[PDB]
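The chain contents come next:
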2 protein chains.
Amino acid sequence: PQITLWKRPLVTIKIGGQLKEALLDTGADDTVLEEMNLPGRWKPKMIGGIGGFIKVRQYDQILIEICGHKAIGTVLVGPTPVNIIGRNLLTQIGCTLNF
Amino acid sequence: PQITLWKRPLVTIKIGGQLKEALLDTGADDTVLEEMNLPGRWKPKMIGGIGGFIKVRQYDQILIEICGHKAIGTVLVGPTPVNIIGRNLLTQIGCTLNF
Ligand SMILES: COC(=O)N[C@H](C(=O)N[C@@H](Cc1ccccc1)C[C@H](O)[C@H](Cc1ccccc1)NC(=O)O[C@H]1CO[C@H]2OCC[C@H]21)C1CCCC1
């Protein structure tokens, strides 16, 4: 589909057997989700944003379905105020900017 | 044009008569540019992202040309790590997400 930018581009995602709302973010290199207790091994990581860095847990080869489009990649988990879908997964669903 | 997201969606912008690189950012409500001199009055403002808040200078009704498309709106100037074009101007140039 096509998503205008009058409002935040929020969509429903399915991850780890749960449905959530997440922000399609062309300005994010990575995907960062609110605190959730995903299973499996993880690695510590620091991600920097506009106001500084936060600590996150890096999960690899995680499946996320975005508007029925499936994508598998690295998912970071930490105290982010908003679930963010970054380019690492947006590319996998064929997402583009158009103007 | 149509822009894929395998690399950062960086484009050339023209503001105050000067050329710059900026990130087309659907995950940003506002547009924030690195420290620079801009004509016109400004008022202090705070914006928050991942990591916390930063203090910025808010310039209203600023002309800015984004990839050959003219926009006139609010431009924030402050210690952002990258020049970011947010939704307030992406809507003006008719930018949409598509997948
Ligand atoms: C109302 O609140 C906003 O509108 N605040 C906006 C905002 O910071 N939006 C955030 C989401 C969000 C929204 C609300 C609260 C918390 C977080 C996403 C945005 O695209 C940033 C842009 C960026 C790019 C490079 C460096 C720094 C920042 N990307 C990001 O931080 O990505 C990170 C994960 O992956 C990494 O790659 C790139 C950086 C890493 C600001 C307002 C105008 C400018 C941005």
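Within every chain, numbering proceeds from 1 in written sequence order, not necessarily in step with the numbering of the entry, and residues without coordinates do not appear. Chains carry letters from A onward and ligands carry numbers from 1 onward, assigned in written order. Only hydrogens and water are removed before side-chain values are computed, so all heavy atoms of the structure are retained for them. Residues with missing side-chain atoms are left out of burial classes, side-chain pairs and their counts.

Method of determination for the deposited model, per the PDB record: X-ray crystallography, at 1.950 Å resolution.

**Q** How should the UniProt feature "domain: Peptidase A2" (unreviewed entry) in chain A be read in this particular structure?
**A** The UniProt record annotates "domain: Peptidase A2" (unreviewed entry) at residues 20–89 of chain A. Starting at the N terminus, helices and strands are each numbered in turn, a helix being any DSSP run of H or I of at least four residues and a strand any DSSP run of E of at least two. Counting secondary structure, residues 20–89 of chain A comes out at 4% helix and 54% strand; the distance between its end C-alpha atoms is 16 Å. UniProt positions are given in the numbering used here, feature names are shortened, and annotations may be inferred rather than shown by experiment.

**Q** What am I meant to see in the interface of chain A and chain B here?
**A** A common way to express how large an interface is: the accessible area buried when the components associate. Of the residues lining the interface, 38 residues belong to chain A; the matching set on chain B comes to 39 residues. Only β1 (2–3), β3 (18–24), β5 (43–48), β6 (53–66), α1 (87–90) and β9 (96–98) of chain A provide two or more residues apiece to the side of chain A that touches chain B. Each residue gets one of three labels, nonpolar for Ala, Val, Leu, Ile, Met, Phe, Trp, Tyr, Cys and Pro, charged for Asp, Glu, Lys and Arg, and polar for the others, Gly among them. Split by residue class, the side of chain A that touches chain B holds 19 nonpolar, 14 polar and 5 charged. When DSSP finds at least two bridges between two strands, those strands are taken to pair. With 2 bridges joining them, β9 of chain A and strand β1 (residues 2–3) of chain B adopt antiparallel strand pairing. Note on β1 of chain B: the bridge partner recorded for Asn98 of chain A is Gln2 of chain B. Pairs of residues are marked as contacts when any of their non-hydrogen atoms sit within 4.5 Å.

**Q** Which parts of the structure should I look at to understand the pattern of salt bridges?
**A** The working definition used for a salt bridge is a side-chain nitrogen of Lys or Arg within 4 Å of a carboxyl oxygen of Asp or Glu. Within the structure shown, the criterion is met by 7 salt bridges over all chains. Where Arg87 of chain B meets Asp29 of chain B, a salt bridge forms, and the shortest distance between an N and an O atom there is 2.9 Å. Note that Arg87 of chain B is positioned in helix α1 (residues 87–90) and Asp29 of chain B in the loop between β3 (18–24) and β4 (32–33), a separation of 58 residues in sequence. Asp29 of chain B gets classed as partly exposed once you look at its relative accessible area, which sits at 29%. Residues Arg57 of chain B and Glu35 of chain B are paired through a salt bridge, measuring 2.5 Å at the closest nitrogen-oxygen approach. Note that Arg57 of chain B is positioned in strand β6 (residues 52–66) and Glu35 of chain B in the loop between β4 and β5 (43–49), a separation of 22 residues in sequence. Buried means the residue's accessible area, taken with a 1.4 Å probe over protein chains only, is under 20% of the maximum for its type, while exposed means over 50%, and partly exposed covers the values in between. For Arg57 of chain B, a relative accessible area of 15% gives the class buried. One salt-bridge network, held together by shared partners, links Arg8 of chain A together with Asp29 and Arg87 of chain B.

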